[PDB]
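Below is the file final_25.cif, which contains mmCIF, C-alpha atoms and all ligand atoms.
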data_data
#
loop_
_atom_site.label_atom_id
_atom_site.label_comp_id
_atom_site.auth_asym_id
_atom_site.auth_seq_id
_atom_site.Cartn_x
_atom_site.Cartn_y
_atom_site.Cartn_z
CA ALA A 194 171.76 262.40 -14.75
CA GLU A 195 168.76 262.54 -12.41
CA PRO A 196 166.73 259.32 -11.99
CA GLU A 197 164.58 261.19 -9.45
CA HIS A 198 163.20 263.23 -12.37
CA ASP A 199 159.75 261.61 -12.32
CA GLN A 200 159.25 261.55 -8.55
CA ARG A 201 160.60 265.10 -8.19
CA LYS A 202 157.86 266.54 -10.40
CA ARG A 203 155.28 264.23 -8.82
CA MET A 204 156.26 265.82 -5.51
CA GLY A 205 156.13 269.26 -7.09
CA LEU A 206 152.49 268.62 -7.89
CA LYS A 207 151.65 267.50 -4.35
CA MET A 208 153.61 270.44 -2.97
CA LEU A 209 151.87 273.07 -5.10
CA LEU A 210 148.41 271.73 -4.24
CA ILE A 211 149.14 271.52 -0.50
CA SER A 212 150.95 274.88 -0.46
CA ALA A 213 148.07 276.56 -2.29
CA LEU A 214 145.59 275.11 0.19
CA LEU A 215 147.62 275.97 3.29
CA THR A 216 148.59 279.51 2.23
CA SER A 217 144.91 280.36 1.70
CA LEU A 218 143.79 278.89 5.03
CA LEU A 219 146.55 280.63 6.97
CA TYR A 220 145.71 283.92 5.27
CA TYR A 221 142.14 283.73 6.58
CA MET A 222 143.31 282.85 10.10
CA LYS A 223 145.70 285.81 10.03
CA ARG A 224 143.03 288.20 8.73
CA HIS A 225 140.54 286.73 11.21
CA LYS A 226 142.78 287.44 14.20
CA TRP A 227 143.90 290.83 12.86
CA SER A 228 140.27 291.81 12.23
CA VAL A 229 140.13 293.13 15.79
CA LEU A 230 142.80 295.73 14.99
CA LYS A 231 141.91 296.33 11.33
CA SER A 232 138.36 297.45 12.15
CA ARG A 233 139.18 299.14 15.47
CA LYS A 234 138.16 302.78 15.85
CA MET A 235 139.41 305.25 18.44
CA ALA A 236 138.43 308.68 19.76
CA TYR A 237 140.09 311.49 21.70
CA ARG A 238 137.66 312.66 24.37
CA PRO A 239 139.26 314.83 27.10
CA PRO A 240 137.33 316.64 29.85
CA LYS A 241 138.15 319.62 27.58
CA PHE B 150 128.96 299.48 33.69
CA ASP B 151 127.50 302.13 31.39
CA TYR B 152 130.34 301.46 28.95
CA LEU B 153 129.66 297.73 29.27
CA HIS B 154 126.05 298.18 28.15
CA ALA B 155 127.17 300.66 25.50
CA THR B 156 129.28 298.01 23.77
CA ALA B 157 127.57 294.74 24.74
CA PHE B 158 124.23 295.91 23.39
CA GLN B 159 125.84 298.36 20.97
CA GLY B 160 123.42 299.80 18.41
CA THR B 161 120.33 299.00 20.48
CA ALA B 162 118.16 300.65 23.12
CA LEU B 163 119.93 298.91 26.01
CA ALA B 164 123.18 300.62 25.04
CA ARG B 165 121.85 303.92 26.39
CA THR B 166 122.48 305.35 29.83
CA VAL B 167 119.52 305.78 32.18
CA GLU B 168 120.30 309.45 32.73
CA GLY B 169 120.64 310.25 29.03
CA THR B 170 122.81 312.52 26.91
CA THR B 171 123.93 316.03 27.87
CA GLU B 172 122.25 317.37 24.74
CA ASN B 173 119.00 315.62 25.62
CA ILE B 174 118.94 316.95 29.18
CA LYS B 175 119.77 320.38 27.74
CA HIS B 176 116.92 320.43 25.24
CA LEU B 177 114.16 318.20 26.65
CA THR B 178 110.85 320.05 26.69
CA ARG B 179 107.81 319.99 28.98
CA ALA B 180 105.98 318.44 26.03
CA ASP B 181 108.61 315.70 25.74
CA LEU B 182 108.39 314.96 29.46
CA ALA B 183 104.59 314.95 29.53
CA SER B 184 104.68 312.68 26.48
CA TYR B 185 106.85 310.11 28.27
CA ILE B 186 104.54 310.06 31.29
CA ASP B 187 101.39 309.63 29.20
CA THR B 188 103.02 307.07 26.90
CA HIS B 189 104.55 304.85 29.57
CA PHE B 190 102.95 305.41 32.98
CA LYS B 191 99.85 303.37 32.12
CA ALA B 192 97.77 301.14 34.42
CA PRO B 193 98.44 297.68 32.95
CA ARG B 194 102.19 298.37 33.00
CA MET B 195 102.03 299.45 36.64
CA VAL B 196 101.95 297.46 39.88
CA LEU B 197 100.72 298.86 43.18
CA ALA B 198 102.70 296.88 45.74
CA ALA B 199 102.55 297.13 49.54
CA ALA B 200 104.08 295.43 52.57
CA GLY B 201 103.57 295.86 56.31
CA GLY B 202 100.54 295.99 58.59
CA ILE B 203 98.20 296.43 55.64
CA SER B 204 94.89 294.73 54.91
CA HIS B 205 94.97 293.70 51.25
CA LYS B 206 91.26 294.38 50.75
CA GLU B 207 91.58 297.87 52.21
CA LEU B 208 94.52 298.35 49.85
CA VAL B 209 92.65 297.43 46.67
CA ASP B 210 89.77 299.63 47.84
CA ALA B 211 91.87 302.78 48.20
CA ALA B 212 93.55 301.70 44.97
CA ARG B 213 90.18 301.25 43.25
CA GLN B 214 89.33 304.83 44.25
CA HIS B 215 92.45 306.75 43.22
CA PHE B 216 93.76 304.60 40.38
CA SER B 217 91.41 305.79 37.77
CA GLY B 218 89.29 305.41 34.66
CA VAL B 219 89.36 302.64 32.09
CA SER B 220 91.24 302.95 28.82
CA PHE B 221 88.98 303.28 25.77
CA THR B 222 90.86 301.73 22.85
CA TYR B 223 92.59 298.36 22.62
CA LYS B 224 95.88 300.18 22.07
CA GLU B 225 95.87 301.59 25.59
CA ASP B 226 95.32 298.12 27.09
CA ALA B 227 97.96 295.99 25.33
CA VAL B 228 101.45 295.86 26.83
CA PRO B 229 104.21 296.67 24.28
CA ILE B 230 106.57 293.98 23.00
CA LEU B 231 110.00 295.64 23.00
CA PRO B 232 112.29 295.14 19.98
CA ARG B 233 115.14 292.72 20.67
CA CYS B 234 118.64 293.86 21.63
CA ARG B 235 121.67 292.44 19.81
CA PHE B 236 124.68 291.31 21.82
CA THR B 237 128.11 292.02 20.37
CA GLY B 238 131.34 290.25 21.21
CA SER B 239 133.23 293.50 21.53
CA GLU B 240 135.31 295.78 23.73
CA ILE B 241 135.52 299.43 24.73
CA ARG B 242 138.72 300.74 26.28
CA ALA B 243 138.63 304.22 27.82
CA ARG B 244 142.23 304.83 28.83
CA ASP B 245 143.37 307.33 31.46
CA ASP B 246 146.75 306.64 33.08
CA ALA B 247 146.30 309.56 35.47
CA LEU B 248 143.37 307.62 36.93
CA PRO B 249 144.57 305.99 40.19
CA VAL B 250 143.16 302.48 39.71
CA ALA B 251 141.73 300.69 36.68
CA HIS B 252 138.25 299.19 36.31
CA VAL B 253 137.46 296.16 34.16
CA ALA B 254 134.11 294.53 33.39
CA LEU B 255 133.72 291.39 31.29
CA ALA B 256 130.39 289.77 30.45
CA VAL B 257 128.54 287.31 28.22
CA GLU B 258 124.87 287.48 27.22
CA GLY B 259 122.32 286.39 29.82
CA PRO B 260 119.07 284.39 29.47
CA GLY B 261 116.39 286.82 30.69
CA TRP B 262 114.00 286.90 33.66
CA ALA B 263 111.87 284.01 32.38
CA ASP B 264 114.64 281.41 32.01
CA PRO B 265 115.01 278.88 34.88
CA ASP B 266 118.73 278.80 34.06
CA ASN B 267 118.99 282.19 35.78
CA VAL B 268 118.81 280.29 39.07
CA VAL B 269 121.81 278.11 38.20
CA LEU B 270 123.77 281.13 36.99
CA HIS B 271 123.20 282.67 40.41
CA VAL B 272 124.43 279.46 42.08
CA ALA B 273 127.51 279.57 39.85
CA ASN B 274 128.05 283.26 40.61
CA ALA B 275 127.82 282.41 44.31
CA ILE B 276 130.75 280.01 43.94
CA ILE B 277 133.13 282.70 42.71
CA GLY B 278 131.48 285.30 44.92
CA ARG B 279 133.06 288.68 45.64
CA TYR B 280 135.82 290.43 47.58
CA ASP B 281 137.32 293.74 48.67
CA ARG B 282 140.39 294.36 50.84
CA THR B 283 138.21 294.74 53.95
CA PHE B 284 137.01 291.12 53.81
CA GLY B 285 138.35 289.91 57.16
CA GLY B 286 138.34 286.30 56.00
CA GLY B 287 141.47 286.99 53.99
CA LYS B 288 143.49 284.13 52.51
CA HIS B 289 141.14 281.57 54.08
CA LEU B 290 138.05 282.61 52.10
CA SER B 291 136.29 279.72 50.35
CA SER B 292 136.08 281.60 47.04
CA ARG B 293 139.07 280.48 44.95
CA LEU B 294 139.31 283.77 43.05
CA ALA B 295 139.19 285.64 46.36
CA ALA B 296 141.93 283.43 47.80
CA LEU B 297 144.14 284.02 44.76
CA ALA B 298 143.29 287.73 44.94
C1 LIG C 1 154.10 273.03 2.55
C2 LIG C 1 154.82 272.00 1.71
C3 LIG C 1 154.03 270.69 1.66
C4 LIG C 1 154.65 269.72 0.66
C5 LIG C 1 153.98 268.35 0.73
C6 LIG C 1 154.71 267.37 -0.18
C7 LIG C 1 154.28 265.93 0.10
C8 LIG C 1 155.10 264.96 -0.74
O1 LIG C 1 154.80 263.62 -0.36
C9 LIG C 1 155.58 262.66 -1.09
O2 LIG C 1 155.08 262.53 -2.43
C10 LIG C 1 155.83 261.61 -3.22
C11 LIG C 1 155.27 261.58 -4.64
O3 LIG C 1 154.10 260.75 -4.67
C12 LIG C 1 155.78 260.22 -2.62
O4 LIG C 1 156.61 259.34 -3.39
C13 LIG C 1 156.29 260.25 -1.18
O5 LIG C 1 156.10 258.96 -0.58
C14 LIG C 1 155.55 261.31 -0.37
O6 LIG C 1 156.17 261.43 0.92
#
Show me this structure written as structure tokens.
Amino acid sequence: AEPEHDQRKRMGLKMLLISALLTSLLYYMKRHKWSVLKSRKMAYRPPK
Amino acid sequence: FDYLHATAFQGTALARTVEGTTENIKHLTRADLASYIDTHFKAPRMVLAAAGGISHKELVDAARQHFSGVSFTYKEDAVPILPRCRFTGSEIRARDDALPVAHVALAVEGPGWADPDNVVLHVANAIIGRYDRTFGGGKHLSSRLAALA
């Protein structure tokens, strides 16, 4: 029914490993860039 | 430029304005002032300079007379080694849209008086140079940034 059965799951292994690696790395890079805004503080100082 | 220091050297002594806080000016005492003078205005940390039609020997003589007695302890001789100031890759944005024109200052950390690289950094700074709309040179100025400006 599906001769690709063996290679399909072999790919599924490679996929899951790569995907796990890349998702983590991209999460850091996102957090790294967004760190500027995430930590940013602001004040309201008129000549009141 | 005060804001620049306030964020570049944030959390250190260099982050403070020369004039000081409003609260400090409000509440500074004669004791506090006299303390500063006695603590800082000390002979080894002072330089009597002169320039003109002045004989150097006559200068050190009048200096020898009015610049006074020797310090007693070793503490009063030694020149203080200031604690280091930490640079911070950071920004401070004080926004006021009612303000006519905007001011922007951007800087990296320098080397210090001792470093011979300070000469090259002045050569580099000379390349870019400076400009304001009264520079008669106009579009023909050698400075690329000025020409684009
Ligand atoms: C973000 C998604 C990344 C998925 C990466 C999948 C890489 C699959 O790579 C494939 O693996 C097969 C199994 O060995 C091989 O037969 C193929 O030649 C190879 O191209």
- Task: List all protein, DNA and RNA residues that have an atom no more than 6 Å from any atom of ligand LIG 1 (chain C), counting all atoms listed in the file, and report them as an MDAnalysis selection string.
- Result: chainID A and resid 200 203:204 207:208 211:212
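Atom CA of residue 187 of chain B is found 14.4 Å from atom CA of residue 216 of chain B.
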Report as a Markdown table the residues of chain A within 10 Å of chain B, each with its shortest atom pair and distance in Å (one decimal), using all atoms listed in the file, ordered by chain and increasing residue number.
| residue | atom | partner | partner_atom | distance |
| --- | --- | --- | --- | --- |
| A:229 | CA | B:239 | CA | 9.0 |
| A:233 | CA | B:240 | CA | 9.7 |
| A:234 | CA | B:241 | CA | 9.9 |
| A:235 | CA | B:242 | CA | 9.1 |
| A:236 | CA | B:243 | CA | 9.2 |
| A:237 | CA | B:243 | CA | 9.6 |
| A:238 | CA | B:243 | CA | 9.2 |
| A:239 | CA | B:245 | CA | 9.6 |
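In this structure, atom CA of residue 196 of chain B sits 25.5 Å away from atom CA of residue 180 of chain B.
Across the model, the gap from atom CA of residue 212 of chain B to atom CA of residue 185 of chain B is 22.9 Å.
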- Task: Just the residues within 7 Å of residue 157 of chain B, please, counting only C-alpha atoms, with nothing from its chain fewer than 5 positions along; format it as a ChimeraX atom specification.
- Result: /B:236-239
Dump C-alpha atoms for the selected residues as a PDB file, in the frame of the given file?
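File produced: selection_3.pdb:
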ATOM      1  CA  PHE B 236     124.680 291.310  21.820  1.00  0.00           C
ATOM      2  CA  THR B 237     128.110 292.020  20.370  1.00  0.00           C
ATOM      3  CA  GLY B 238     131.340 290.250  21.210  1.00  0.00           C
ATOM      4  CA  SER B 239     133.230 293.500  21.530  1.00  0.00           C
TER       5      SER B 239
END
Box dimensions and centre (Å, one decimal) enclosing segment 212-221 of chain B, axis-aligned, 4 Å extra per side, as lines of an AutoDock Vina configuration file:
center_x = 91.4
center_y = 304.0
center_z = 35.4
size_x = 12.8
size_y = 13.5
size_z = 27.2
- Item | From B:151, B:285, B:229, B:223, residue lying nearest residue 169 of chain B [only C-alpha atoms] | B:151
- Near segment 277-280 of chain B, within 10 Å and counting only C-alpha atoms, which residues show up once chain neighbours fewer than 5 positions away are dropped, as a list in words? residues 271, 272, 285, 286, 287, 290, 291, 292, 293, 294, 295, 296 and 298 of chain B
Mind completing segment 228-247 of chain B with N, CA, C and O atoms? Output as a PDB file, in the frame of the given file, please?
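The resulting out-v8.pdb:
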ATOM      1  N   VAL B 228     100.112 295.554  26.350  1.00  0.00           N
ATOM      2  CA  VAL B 228     101.450 295.860  26.830  1.00  0.00           C
ATOM      3  C   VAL B 228     102.460 295.649  25.698  1.00  0.00           C
ATOM      4  O   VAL B 228     102.484 294.586  25.077  1.00  0.00           O
ATOM      5  N   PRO B 229     103.288 296.671  25.424  1.00  0.00           N
ATOM      6  CA  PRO B 229     104.210 296.670  24.280  1.00  0.00           C
ATOM      7  C   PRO B 229     105.238 295.546  24.312  1.00  0.00           C
ATOM      8  O   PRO B 229     105.758 295.205  25.376  1.00  0.00           O
ATOM      9  N   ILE B 230     105.522 294.979  23.144  1.00  0.00           N
ATOM     10  CA  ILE B 230     106.570 293.980  23.000  1.00  0.00           C
ATOM     11  C   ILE B 230     107.831 294.639  22.460  1.00  0.00           C
ATOM     12  O   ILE B 230     107.943 294.882  21.259  1.00  0.00           O
ATOM     13  N   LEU B 231     108.768 294.936  23.356  1.00  0.00           N
ATOM     14  CA  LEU B 231     110.000 295.640  23.000  1.00  0.00           C
ATOM     15  C   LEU B 231     110.816 294.919  21.931  1.00  0.00           C
ATOM     16  O   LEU B 231     110.934 293.694  21.953  1.00  0.00           O
ATOM     17  N   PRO B 232     111.381 295.690  20.988  1.00  0.00           N
ATOM     18  CA  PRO B 232     112.290 295.140  19.980  1.00  0.00           C
ATOM     19  C   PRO B 232     113.536 294.552  20.620  1.00  0.00           C
ATOM     20  O   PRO B 232     114.048 295.110  21.591  1.00  0.00           O
ATOM     21  N   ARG B 233     114.018 293.438  20.081  1.00  0.00           N
ATOM     22  CA  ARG B 233     115.140 292.720  20.670  1.00  0.00           C
ATOM     23  C   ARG B 233     116.439 293.511  20.630  1.00  0.00           C
ATOM     24  O   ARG B 233     116.624 294.377  19.776  1.00  0.00           O
ATOM     25  N   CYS B 234     117.335 293.210  21.567  1.00  0.00           N
ATOM     26  CA  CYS B 234     118.640 293.860  21.630  1.00  0.00           C
ATOM     27  C   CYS B 234     119.753 292.877  21.256  1.00  0.00           C
ATOM     28  O   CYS B 234     119.826 291.769  21.788  1.00  0.00           O
ATOM     29  N   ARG B 235     120.615 293.299  20.339  1.00  0.00           N
ATOM     30  CA  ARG B 235     121.670 292.440  19.810  1.00  0.00           C
ATOM     31  C   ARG B 235     122.945 292.522  20.640  1.00  0.00           C
ATOM     32  O   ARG B 235     123.501 293.603  20.835  1.00  0.00           O
ATOM     33  N   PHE B 236     123.409 291.373  21.119  1.00  0.00           N
ATOM     34  CA  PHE B 236     124.680 291.310  21.820  1.00  0.00           C
ATOM     35  C   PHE B 236     125.824 291.373  20.818  1.00  0.00           C
ATOM     36  O   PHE B 236     125.690 290.927  19.678  1.00  0.00           O
ATOM     37  N   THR B 237     126.947 291.943  21.236  1.00  0.00           N
ATOM     38  CA  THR B 237     128.110 292.020  20.370  1.00  0.00           C
ATOM     39  C   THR B 237     129.387 291.669  21.115  1.00  0.00           C
ATOM     40  O   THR B 237     129.779 292.367  22.051  1.00  0.00           O
ATOM     41  N   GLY B 238     130.022 290.575  20.707  1.00  0.00           N
ATOM     42  CA  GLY B 238     131.340 290.250  21.210  1.00  0.00           C
ATOM     43  C   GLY B 238     132.260 291.396  20.849  1.00  0.00           C
ATOM     44  O   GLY B 238     132.729 291.503  19.720  1.00  0.00           O
ATOM     45  N   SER B 239     132.492 292.282  21.809  1.00  0.00           N
ATOM     46  CA  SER B 239     133.230 293.500  21.530  1.00  0.00           C
ATOM     47  C   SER B 239     133.901 294.049  22.781  1.00  0.00           C
ATOM     48  O   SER B 239     133.739 293.509  23.873  1.00  0.00           O
ATOM     49  N   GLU B 240     134.656 295.129  22.612  1.00  0.00           N
ATOM     50  CA  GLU B 240     135.310 295.780  23.730  1.00  0.00           C
ATOM     51  C   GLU B 240     135.293 297.293  23.584  1.00  0.00           C
ATOM     52  O   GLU B 240     135.254 297.819  22.472  1.00  0.00           O
ATOM     53  N   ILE B 241     135.307 297.987  24.717  1.00  0.00           N
ATOM     54  CA  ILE B 241     135.520 299.430  24.730  1.00  0.00           C
ATOM     55  C   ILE B 241     136.561 299.763  25.794  1.00  0.00           C
ATOM     56  O   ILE B 241     136.413 299.415  26.967  1.00  0.00           O
ATOM     57  N   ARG B 242     137.636 300.417  25.372  1.00  0.00           N
ATOM     58  CA  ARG B 242     138.720 300.740  26.280  1.00  0.00           C
ATOM     59  C   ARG B 242     138.907 302.246  26.406  1.00  0.00           C
ATOM     60  O   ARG B 242     139.441 302.892  25.505  1.00  0.00           O
ATOM     61  N   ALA B 243     138.449 302.800  27.525  1.00  0.00           N
ATOM     62  CA  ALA B 243     138.630 304.220  27.820  1.00  0.00           C
ATOM     63  C   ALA B 243     139.844 304.400  28.720  1.00  0.00           C
ATOM     64  O   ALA B 243     139.767 304.190  29.931  1.00  0.00           O
ATOM     65  N   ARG B 244     140.963 304.794  28.124  1.00  0.00           N
ATOM     66  CA  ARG B 244     142.230 304.830  28.830  1.00  0.00           C
ATOM     67  C   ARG B 244     142.540 306.183  29.466  1.00  0.00           C
ATOM     68  O   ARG B 244     142.435 307.227  28.820  1.00  0.00           O
ATOM     69  N   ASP B 245     142.921 306.146  30.739  1.00  0.00           N
ATOM     70  CA  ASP B 245     143.370 307.330  31.460  1.00  0.00           C
ATOM     71  C   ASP B 245     144.395 306.910  32.508  1.00  0.00           C
ATOM     72  O   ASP B 245     144.032 306.415  33.572  1.00  0.00           O
ATOM     73  N   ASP B 246     145.675 307.096  32.199  1.00  0.00           N
ATOM     74  CA  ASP B 246     146.750 306.640  33.080  1.00  0.00           C
ATOM     75  C   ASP B 246     146.875 307.490  34.334  1.00  0.00           C
ATOM     76  O   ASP B 246     147.493 307.073  35.314  1.00  0.00           O
ATOM     77  N   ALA B 247     146.297 308.688  34.303  1.00  0.00           N
ATOM     78  CA  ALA B 247     146.300 309.560  35.470  1.00  0.00           C
ATOM     79  C   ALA B 247     145.307 309.045  36.508  1.00  0.00           C
ATOM     80  O   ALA B 247     145.422 309.350  37.696  1.00  0.00           O
TER      81      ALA B 247
END
